[PDB]
Amino acid sequence: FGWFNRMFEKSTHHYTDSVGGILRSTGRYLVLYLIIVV
Amino acid sequence: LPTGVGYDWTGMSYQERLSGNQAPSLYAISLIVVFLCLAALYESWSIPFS
Amino acid sequence: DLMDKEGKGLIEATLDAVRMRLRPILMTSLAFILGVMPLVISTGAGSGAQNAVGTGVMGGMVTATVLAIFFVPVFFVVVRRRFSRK
Amino acid sequence: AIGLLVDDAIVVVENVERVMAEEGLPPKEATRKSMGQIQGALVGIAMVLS
Amino acid sequence: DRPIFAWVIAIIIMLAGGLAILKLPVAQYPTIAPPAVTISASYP
């Protein structure tokens with residue numbers, strides 16, 4: 001089906017490359033974690 | 001109020017309430033045991049803080 | 001289990017780890033929320049206590065996965081805690 | 001509990017399912033070395049849930 | 001054998017051990033003698 005083709009797209013693209021993007025940064029998403037605690 | 005008049009809290013309530021007093025102490029040991037158990041199977045000083 | 005046993009991966013072992021388990025994080029989380037669905041609303045008379053339980057976990061699981069598996073810690077943590085000093 | 005019940009079952013089943021694709025292997029030994037990764041957690045989580 | 005795991009067993013005894021002193025009698029010697037009941041009437 002196209003359900004498997006979608007799950008492999010989002011997981012591998014998309015998610016995992018946007019995980020590489022967040023890991024390059026650090027100081028912004030830590031200050032966002034502190035804003036969540038406020 | 002005048003002399004010979006005091007007070008005593010009668011009378012279902014309480015003996016250490018729940019939202020308050022109790023809850024603090026229950027969550028406090030919940031952090032002390034979570035920290036120790038994340039270390040018995042890991043061995044570090046960084047993994048458990050995650 | 002990849003850092004030690006296999007290869008270090010300063011940032012490419014934490015990233016390589018979710019590369020092989022985005023599946024079970026969204027398999028449990030999605031299946032849990034649907035199993036709590038009958039309590040959050042649906043039943044609205046038989047027991048009002050059902051609404052008290054399922055509201056406090058259905059809201060908390062959307063934010064414990066679409067947040068944990070992304071954006072804020074559960075990735076970021078392992079970086080600054082283990083690495084960066086000792 | 002139903003939530004924290006099929007969750008613990010989910011990790012045992014589907015982590016083999018990847019092991020039967022990542023390195024295409026159906027047999028009993030595929031299931032055994034799947035617990036190389038999982039068993040470490042299985043007892044670890046059991047302690048911090050308690 | 002290993003550092004962490006053995007020290008965590010000892011830290012269970014740090015809490016539960018020091019919790020027993022905060023949650024158990026601190027009195028003199030325990031019950032010693034065979035326990036007796038005593039009746040007492042009065043005819044003035």
# chains A, B, ... in the order shown; residues from 1 in each chain; ligands from 1

$ closest_atom_pairs --of "range 14-39 of chain D" --to "range 22-45 of chain C" --cutoff "12 Å" --atoms "only C-alpha atoms" --output "tab-separated table"
residue	atom	partner	partner_atom	distance
D:14	CA	C:24	CA	7.0
D:15	CA	C:24	CA	8.1
D:16	CA	C:24	CA	11.4
D:17	CA	C:23	CA	10.4
D:18	CA	C:23	CA	9.4

$ write_last_selection --atoms "C-alpha atoms" --output "PDB file, in the first residue's frame"
ATOM      1  CA  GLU D  14       8.605  -4.949  16.849  1.00  0.00           C
ATOM      2  CA  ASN D  15      12.338  -4.776  17.668  1.00  0.00           C
ATOM      3  CA  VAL D  16      12.552  -8.317  16.291  1.00  0.00           C
ATOM      4  CA  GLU D  17      10.464  -7.138  13.305  1.00  0.00           C
ATOM      5  CA  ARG D  18      13.237  -4.683  12.382  1.00  0.00           C
TER       6      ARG D  18
END

$ select_by_dssp --residues "chain D" --states "helix (DSSP H, G or I)" --output "number ranges by chain"
D: 3-19, 28-32, 35-49

$ write_last_selection --atoms "C-alpha atoms" --output "PDB file, in the first residue's frame"
ATOM      1  CA  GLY D   3      -1.447   1.591  28.555  1.00  0.00           C
ATOM      2  CA  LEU D   4       1.666   0.562  30.494  1.00  0.00           C
ATOM      3  CA  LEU D   5       1.150  -3.090  29.489  1.00  0.00           C
ATOM      4  CA  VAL D   6       0.873  -3.316  25.677  1.00  0.00           C
ATOM      5  CA  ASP D   7       3.765  -0.818  25.662  1.00  0.00           C
ATOM      6  CA  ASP D   8       6.140  -3.319  27.299  1.00  0.00           C
ATOM      7  CA  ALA D   9       4.877  -6.000  24.893  1.00  0.00           C
ATOM      8  CA  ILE D  10       5.311  -3.657  21.898  1.00  0.00           C
ATOM      9  CA  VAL D  11       9.088  -3.268  22.351  1.00  0.00           C
ATOM     10  CA  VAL D  12       9.738  -7.035  22.416  1.00  0.00           C
ATOM     11  CA  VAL D  13       7.761  -7.806  19.236  1.00  0.00           C
ATOM     12  CA  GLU D  14       8.605  -4.949  16.849  1.00  0.00           C
ATOM     13  CA  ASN D  15      12.338  -4.776  17.668  1.00  0.00           C
ATOM     14  CA  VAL D  16      12.552  -8.317  16.291  1.00  0.00           C
ATOM     15  CA  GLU D  17      10.464  -7.138  13.305  1.00  0.00           C
ATOM     16  CA  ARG D  18      13.237  -4.683  12.382  1.00  0.00           C
ATOM     17  CA  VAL D  19      15.864  -7.385  13.001  1.00  0.00           C
ATOM     18  CA  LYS D  28      14.947 -18.143  16.776  1.00  0.00           C
ATOM     19  CA  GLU D  29      18.446 -16.611  16.965  1.00  0.00           C
ATOM     20  CA  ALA D  30      17.073 -13.375  15.480  1.00  0.00           C
ATOM     21  CA  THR D  31      14.797 -13.180  18.540  1.00  0.00           C
ATOM     22  CA  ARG D  32      17.684 -13.949  20.931  1.00  0.00           C
ATOM     23  CA  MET D  35      17.068  -9.075  23.553  1.00  0.00           C
ATOM     24  CA  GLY D  36      20.726  -7.985  23.512  1.00  0.00           C
ATOM     25  CA  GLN D  37      19.440  -4.443  22.972  1.00  0.00           C
ATOM     26  CA  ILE D  38      16.107  -4.731  24.821  1.00  0.00           C
ATOM     27  CA  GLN D  39      16.847  -6.769  27.988  1.00  0.00           C
ATOM     28  CA  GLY D  40      19.101  -3.984  29.299  1.00  0.00           C
ATOM     29  CA  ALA D  41      16.111  -1.637  29.317  1.00  0.00           C
ATOM     30  CA  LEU D  42      13.427  -4.214  30.271  1.00  0.00           C
ATOM     31  CA  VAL D  43      14.770  -4.565  33.838  1.00  0.00           C
ATOM     32  CA  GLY D  44      15.989  -0.951  33.993  1.00  0.00           C
ATOM     33  CA  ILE D  45      12.554   0.532  33.177  1.00  0.00           C
ATOM     34  CA  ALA D  46      10.907  -1.963  35.565  1.00  0.00           C
ATOM     35  CA  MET D  47      12.853  -0.341  38.423  1.00  0.00           C
ATOM     36  CA  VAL D  48      12.195   3.340  37.554  1.00  0.00           C
ATOM     37  CA  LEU D  49       8.492   2.673  36.925  1.00  0.00           C
TER      38      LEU D  49
END

$ atom_distance --atom1 "CA of residue 33 in chain D" --atom2 "CA of residue 8 in chain C"
20.5 Å

$ interface_residues --of "chain A" --to "chain C" --cutoff "8 Å" --atoms "only C-alpha atoms" --output "MDAnalysis selection string"
chainID A and resid 11:12 16 19:20 22:23 26 29:30 32:33

$ write_last_selection --atoms "C-alpha atoms" --output "mmCIF file, in the first residue's frame"
data_model
loop_
_atom_site.group_PDB
_atom_site.id
_atom_site.type_symbol
_atom_site.label_atom_id
_atom_site.label_comp_id
_atom_site.auth_asym_id
_atom_site.auth_seq_id
_atom_site.Cartn_x
_atom_site.Cartn_y
_atom_site.Cartn_z
ATOM 1 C CA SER A 11 10.645 8.789 9.056
ATOM 2 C CA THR A 12 13.688 8.838 6.749
ATOM 3 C CA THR A 16 15.717 12.348 10.440
ATOM 4 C CA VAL A 19 16.773 15.864 13.610
ATOM 5 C CA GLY A 20 20.136 16.831 12.105
ATOM 6 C CA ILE A 22 17.916 20.637 15.653
ATOM 7 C CA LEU A 23 21.192 18.984 16.753
ATOM 8 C CA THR A 26 21.340 23.957 20.945
ATOM 9 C CA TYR A 29 15.882 24.896 21.972
ATOM 10 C CA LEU A 30 17.279 24.879 25.538
ATOM 11 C CA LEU A 32 12.579 26.936 24.720
ATOM 12 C CA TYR A 33 12.699 24.098 27.279
#
